[PDB]
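Please read the structure below before turning to the comments.
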Amino acid sequence: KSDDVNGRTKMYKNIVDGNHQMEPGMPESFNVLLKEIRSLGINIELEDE
Amino acid sequence: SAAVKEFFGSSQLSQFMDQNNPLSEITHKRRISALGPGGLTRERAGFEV
Amino acid sequence: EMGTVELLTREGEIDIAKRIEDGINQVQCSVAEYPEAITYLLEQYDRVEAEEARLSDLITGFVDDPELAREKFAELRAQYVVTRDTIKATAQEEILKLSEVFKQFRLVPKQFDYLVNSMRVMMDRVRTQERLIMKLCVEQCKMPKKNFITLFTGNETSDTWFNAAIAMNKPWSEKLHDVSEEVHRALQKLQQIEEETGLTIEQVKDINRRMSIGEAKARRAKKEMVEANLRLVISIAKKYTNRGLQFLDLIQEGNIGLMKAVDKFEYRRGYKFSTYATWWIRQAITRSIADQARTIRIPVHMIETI
Amino acid sequence: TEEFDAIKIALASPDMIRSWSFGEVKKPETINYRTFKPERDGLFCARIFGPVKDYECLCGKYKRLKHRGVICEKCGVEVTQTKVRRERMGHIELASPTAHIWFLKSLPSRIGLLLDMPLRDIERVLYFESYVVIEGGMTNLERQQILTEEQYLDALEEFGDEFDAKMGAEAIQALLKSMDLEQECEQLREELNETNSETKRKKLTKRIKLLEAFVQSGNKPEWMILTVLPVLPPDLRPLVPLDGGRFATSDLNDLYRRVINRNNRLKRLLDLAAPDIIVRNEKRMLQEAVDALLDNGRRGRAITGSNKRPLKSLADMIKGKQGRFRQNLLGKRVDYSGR
DNA sequence: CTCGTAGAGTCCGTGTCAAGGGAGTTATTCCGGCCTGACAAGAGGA
DNA sequence: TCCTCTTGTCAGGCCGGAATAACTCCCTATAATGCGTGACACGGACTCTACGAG
Ligand SMILES: C[C@H](CCC(=O)NCCC[N+](C)(C)C[C@H](O)CS(=O)(=O)O)[C@H]1CC[C@H]2[C@@H]3[C@H](O)C[C@@H]4C[C@H](O)CC[C@]4(C)[C@H]3C[C@H](O)[C@]12C
Ligand SMILES: [Zn+2]
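Chains as they are written, first to last, in the deposited numbering: chain A, 1294 to 1342; chain B, 499 to 547; chain C, 104 to 167, 213 to 236, 243 to 460; chain D, 14 to 352.
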């Protein structure tokens, strides 16, 4: 509804088409947060298992 | 001229007259404020003033 | 930090100016004293004559007109070639005389810097080769460092230390053949390095030590002067403090301008330093305030127009 | 979109900082004032951060979408989506190693306790008031012993060699790199087996825990001092044109400008062999600039140009009330709402 | 047998919340002209 | 009768000189010299009390 660009556009198209699904993605504010903390000497990475 | 127009324009005590009722004008002109430069702050205030 | 250094009064300033003069003159004579710099002088003077160079790229005024320079460099070529043929005592005196006549010339700073740098890099190569050869020797042949000093030191060119070290018949002396090729090939290579020097293998030491002395002297004198005039710099700074630049940035730019002025200052004209330096300190401060002030930097002429 | 979990935090190593960054931002210029295209290679740079407008290079040779991985030969800008200009990071080469404020000034000074040296001492070291003996060989002086100006002079004059001491954040980094975590940890645990005093024991435990965690995590102490400084993507500190010709910029642009200026001036001053006093002043100012950049609020309050309000540094930008401004209160405005 | 040290306690202070003059050189926009594709109308073949 | 193949001539993108801007090297010569609430909790320093070791 607010910060996910791709999600919001895809949901606009879905609503217009008469389908109701969703695609959350990563909130843009959180991406900004990553970049802002990484601007310091702090390594913050999204790990995987 | 800079200092004078700064005071008159960009100051806490220089504010838009609320001009919708004659009462509003007269009461606004006869007002006494404890804020501003050389005066109290809302967080400062206290409860005895 | 500025408060510690007291005011270097007038006669002190003239004193340090004489010391600076002495250092610069010493180093200039020192340049004069190796026969591979006049090679480049004459080569680029001809460049200038053949029109492959510029008349302002080589000299900045003589000492006691194109005619005079052209004739002096013609006779310079003549004397150079005759003393090169007569190299084989006599060569030392003729090199001294050539250096004394060349003292007349003053080169614009970049070329003098380039010549001091070429002589610096040749001495650098000498010292680096000697250090690497002695490293290989002492570490692979286990060369005792006292015999190292006594025997190796002095020539760096002859085989006396080579053949004496191998002659001591010591067991590490026998392993010395393991790296005899490298050591003696480096000795020969060094001999050729000094064949392109040409004088000998001790005057390299003399020149580097004399140059270091002159440079250190000059640096110390300028250090004294600058620390004495920091107060002047800060005094002049007070005007520009409120042009959106920081106070200390201003003082630093003023320091750089004062350094330049000190480097270019001549006391012999007989005027007090402060008035002369003011010009460079203000120039630097103004240029920096103009340049580092605005976010969207604006050329200096446009600022002057504003 | 990846399916992730477990977000990991660690000190960034200098080679990682080089790893993220695509180019070095050497000059402080921002934009051309005539044509407001970004200057290369300034704080706003297309060849480093990204193309200004979608799928079109700076100089304007390549404009078709058909070109997307070509890198314009005149302007070193790759032709791609403008959105990339929101994530690409830069970096700055710092000439003098500078200390990281967070790891120094936070009430528990982790450099200090790692070095078991009080804060005031480290302060005296960084500001160039006294030296510290980094491996002082076979002499009568310890490894974390401070020497004052003229004590260092009498020592140097008497002790020319066998004596390694330095000043400033680079000295701190050098001595920090040399400390043997494992041996000191073993010493401290031996103290725990032998030492019986309440508060001393407690402090000992604290130190032990710190060292243990530090050596297990795999972070090397020397990284606490920064050599390369990353620079946030331009779009997050934009320089958007207000209507009517006036411009608006976040303060980070100004702080970065100041840092780059002082760094360049220090480079030049070093190349010139300037007197020691001035280089020392230069290192002090650079430390100041960095400390304003990382966490503004722990010093003499560097105000901004003509605005009286202290400029907002990264730390302020992260921490707010409460904390996460847009992620935490308040609070992410939302579409499809009315009142 | 006596003294200094160790431990405990209290008070204070900090972080965190509620002066431009210029000569030479190159860059960049701007007008003028060359060089290769593309567009129009009709005709011929299936 | 309808669809396809053909002869022929213009135009737009690209490049060159010019003219107004910019950036560095000349910048210099009397002397000027320091100036810019408030409650909480925790940690550190100082003091007091009591014990163990030489
Ligand atoms: C610095 C100034 C802040 C003004 C401010 O903060 N006023 C606060 C006024 C508050 N009051 C007087 C109206 C009272 C309160 O709102 C109500 S109460 O008294 O507190 O109850 C900013 C904010 C809007 C900015 C202008 C706009 O961009 C348009 C335009 C763009 C051009 O390119 C450059 C010029 C213009 C005129 C800008 C100028 C300037 O850059 C302005 C005024
Ligand atoms: Zn391009």
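Quick reminder that beta carbons are idealized off the backbone N, C-alpha and C, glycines included.
request  = Residues of the region 264-292 of chain D with a CB closer than 9 Å to any CB of chain C: list them in chain order, please.
outcome  = Residues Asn-266, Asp-267, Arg-270, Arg-271, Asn-274, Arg-275, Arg-278, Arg-281, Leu-282, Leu-285, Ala-286, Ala-287, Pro-288, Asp-289, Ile-290, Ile-291.
inquiry  = Check whether the region 186-206 of chain D and the region 254-266 of chain D touch, using three or more Cβ-Cβ pairs below 8 Å as the test.
reply    = no
Short CB-CB distance (under 8 Å) between C:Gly-106 and chain D = In the third sequence, counting from the first residue as 1, residue 106 of chain C sits at position 3. For C:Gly-106, the answer is no, since every Cβ of chain D falls outside 8 Å of its Cβ.
task = For ligand 2, enumerate in chain order all residues having a CB closer than 7 Å to any of its heavy atoms.
result = D:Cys-70, D:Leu-71, D:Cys-72, D:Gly-73, D:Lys-74, D:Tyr-75, D:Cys-85, D:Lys-87, D:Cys-88, D:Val-90
key: Segment contact flag, the region 1308-1324 of chain A with the region 301-315 of chain D, C-beta cutoff 8 Å, min 3 pairs   = no
key: Secondary structure of D:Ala-168, DSSP reduced to three states   = The residue you call residue 168 of chain D lines up with position 155 of the fourth sequence. DSSP places D:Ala-168 in helix when its eight states are reduced to three.
request  = Have a look at C:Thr-351, C:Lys-359, C:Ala-319, C:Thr-311 and flag the residue whose alpha-carbon is nearest the alpha-carbon of C:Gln-342.
outcome  = Here the question's residue 342 of chain C lines up with position 188 in the third sequence. The candidate whose alpha carbon is nearest that of C:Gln-342 is C:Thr-311.
query = Distance, Cα to Cα, A:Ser-1322 vs D:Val-272?
reply = Looking up residue 1322 of chain A in the first sequence gives position 29. Looking up residue 272 of chain D in the fourth sequence gives position 259. Each residue's Cα considered, the two are about 27 Å apart.
inquiry  = So, under 8 Å CB-CB, D:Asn-309 and D:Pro-323 are touching, yes? Tell me the CB distance rounded to an integer number of Å.
reply    = To locate residue 309 of chain D, count along the fourth sequence from 1; it is residue 296. To locate residue 323 of chain D, count along the fourth sequence from 1; it is residue 310. Rounded, the Cβ-Cβ distance is 7 Å, consistent with contact.
query = Mind checking whether D:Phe-116 and D:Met-237 have CB atoms under 8 Å apart?
reply = What you label residue 116 of chain D is simply residue 103 of the fourth sequence in a count that begins at 1. What you label residue 237 of chain D is simply residue 224 of the fourth sequence in a count that begins at 1. Yes, these two residues count as a Cβ contact at 8 Å.
query = Along the chain, which unbroken stretches of the alpha helix (DSSP H) at least 4 residues long are found entirely within the region 257-305 of chain D?
reply = For the region 257-305 of chain D, the continuous alpha helix (DSSP H) assignments of 4+ residues that do not extend past its boundaries occur at 264-284, in sequence order.
message = Does the beta-carbon of B:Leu-511, which I'm using as the reference point, lie nearer than 7 Å to any heavy atom of ligand 1?
response = Taking the second sequence and counting its residues from 1, the one referred to as residue 511 of chain B is at position 13. B:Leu-511 Cβ: outside cutoff for every heavy atom of ligand 1.
message = Just to confirm the assignment, what range does the alpha helix (DSSP H) spanning C:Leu-341 have?
response = Here the question's residue 341 of chain C lines up with position 187 in the third sequence. Unbroken alpha helix (DSSP H) run through C:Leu-341: 334-351.
message = Here's a check: name, in chain order, each residue in its chain whose Cβ is nearer than 8 Å to the Cβ of C:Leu-305, leaving out the five neighbours to either side.
response = As a first step, residue 305 of chain C is located in the third sequence; it is residue number 151 there, counting from the start. The residues are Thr-314, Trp-315, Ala-318, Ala-319.
ask   = Using DSSP with H/G/I as helix, E/B as strand and the rest coil, what is C:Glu-146?
value = As a working mapping, residue 146 of chain C is identified with position 43 in the third sequence. Note: C:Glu-146 maps to helix in three-state DSSP.
request  = Tell me whether C:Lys-377 sits in a helix, a strand or coil according to DSSP, three-state version.
outcome  = As a working mapping, residue 377 of chain C is identified with position 223 in the third sequence. Reduced to three states, the DSSP call for C:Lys-377 is helix.
query = Terminal residues of the continuous beta strand (DSSP E) containing residue 369 of chain D?
reply = Only positions 14 to 352 of chain D appear in the structure, and residue 369 of chain D is not among them; the question remains open.
task = Would you please state the rounded distance, in angstroms, between the beta carbons of D:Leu-279 and D:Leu-299? I believe it to be under 8 Å.
result = Position 266 of the fourth sequence holds residue 279 of chain D. Position 286 of the fourth sequence holds residue 299 of chain D. Correct: roughly 6 Å between the Cβ atoms.
request  = Would you list the residues sitting across from D:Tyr-144 in a DSSP beta bridge?
outcome  = Residue 144 of chain D sits at position 131 when you count from the first residue of the fourth sequence. Answer is D:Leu-160.
ask   = What residue from A:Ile-1330, A:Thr-1302, A:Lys-1303, A:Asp-1297 has the CA that sits closest to D:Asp-329's CA?
value = Against the fourth sequence, residue 329 of chain D aligns to sequence position 316. The candidate whose alpha carbon is nearest that of D:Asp-329 is A:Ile-1330.
key: D:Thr-161: contacting residues in chain C (beta-carbon distance under 7 Å)   = Taking the fourth sequence and counting its residues from 1, one reaches residue 161 of chain D at position 148. Within chain C, no residue comes near D:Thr-161; the closest Cβ sits about 14 Å away, beyond 7 Å.
request  = In angstroms with no decimal places, state the Cα-to-Cα distance between D:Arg-214 and D:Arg-220.
outcome  = Translated into positions along the fourth sequence, residue 214 of chain D becomes position 201. Translated into positions along the fourth sequence, residue 220 of chain D becomes position 207. Approximately 10 Å between the Cα atoms of the pair.
task = Counting only runs of 4+ residues fully inside the region 93-141 of chain D, write out the alpha helix (DSSP H) ranges in chain order.
result = 115-118, 123-127, 132-139
inquiry  = When you compare the CB of C:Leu-402 with every CB in chain D, is at least one pair closer than 8 Å?
reply    = Here residue 402 of chain C refers to the residue found at position 248 when the third sequence is read from its first residue. Closer than 8 Å to some Cβ of chain D, the Cβ of C:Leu-402 qualifies, so yes.
ask   = Any chance the region 404-421 of chain C sits against the region 433-448 of chain C, with 3 or more Cβ pairs inside 8 Å?
value = yes
ask   = Whose Cβ in chain A lies nearer than 7 Å to the Cβ of D:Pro-246?
value = Mapped onto the fourth sequence, residue 246 of chain D falls at position 233. What D:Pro-246 touches in chain A: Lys-1328.
ask   = To the nearest whole angstrom, what separates the beta carbons of D:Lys-345 and A:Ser-1332, a pair I think is in contact under 8 Å?
value = For the purposes of this step, residue 345 of chain D is taken as the residue at position 332 of the fourth sequence. For the purposes of this step, residue 1332 of chain A is taken as the residue at position 39 of the first sequence. At roughly 22 Å, the Cβ-Cβ gap does not stay under 8 Å, so D:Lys-345 and A:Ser-1332 are not in contact.
inquiry  = Taking 6 Å as the limit between beta carbons, can you name the residues of its chain near D:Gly-351, skipping five residues before and five after?
reply    = On the fourth sequence, position 338 is the one that residue 351 of chain D refers to. So no residue of the chain qualifies.
query = I think D:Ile-114 touches D:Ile-185, with their Cβ atoms under 8 Å apart; what is that distance to the nearest whole Å?
reply = One-based indexing of the fourth sequence puts residue 114 of chain D at position 101. One-based indexing of the fourth sequence puts residue 185 of chain D at position 172. About 13 Å separates the two Cβ atoms, so there is no contact after all.
request  = Consider the C-beta atom of D:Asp-256 and the heavy atoms of ligand 1; say whether any pair is separated by less than 7 Å.
outcome  = As a working mapping, residue 256 of chain D is identified with position 243 in the fourth sequence. Remark: the shortest separation between the CB of D:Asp-256 and any heavy atom of ligand 1 falls under 7 Å.
inquiry  = Any beta carbon from chain C within less than 8 Å of D:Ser-319's own beta carbon?
reply    = Translated into positions along the fourth sequence, residue 319 of chain D becomes position 306. Interface flag for D:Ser-319 against chain C is set, since a Cβ pair is found closer than 8 Å.
Given C:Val-108 as reference, the closest of D:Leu-71, D:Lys-325, D:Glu-171, D:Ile-290 once Cα atoms are compared = Indexing the third sequence from 1 puts residue 108 of chain C at position 5. Answer by Cα proximity: D:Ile-290.
task = Reducing DSSP to helix, strand and coil, say where D:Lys-21 ends up.
result = The sequence position of residue 21 of chain D within the fourth sequence is 8, counting from 1. In the structure shown, D:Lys-21 sits in a strand (DSSP, three-state: E or B).
key: Partner residues on chain D for C:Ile-388, Cβ-Cβ distance less than 8 Å   = As a first step, residue 388 of chain C is located in the third sequence; it is residue number 234 there, counting from the start. Chain D residues near C:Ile-388: none, gap ~12 Å exceeds 8 Å.
message = Could you check whether the Cβ of B:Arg-540 sits closer than 7 Å to any heavy atom belonging to ligand 1?
response = Along the second sequence, read from residue 1 onward, the residue named residue 540 of chain B stands at position 42. Answer for B:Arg-540: no, Cβ out of range of ligand 1.
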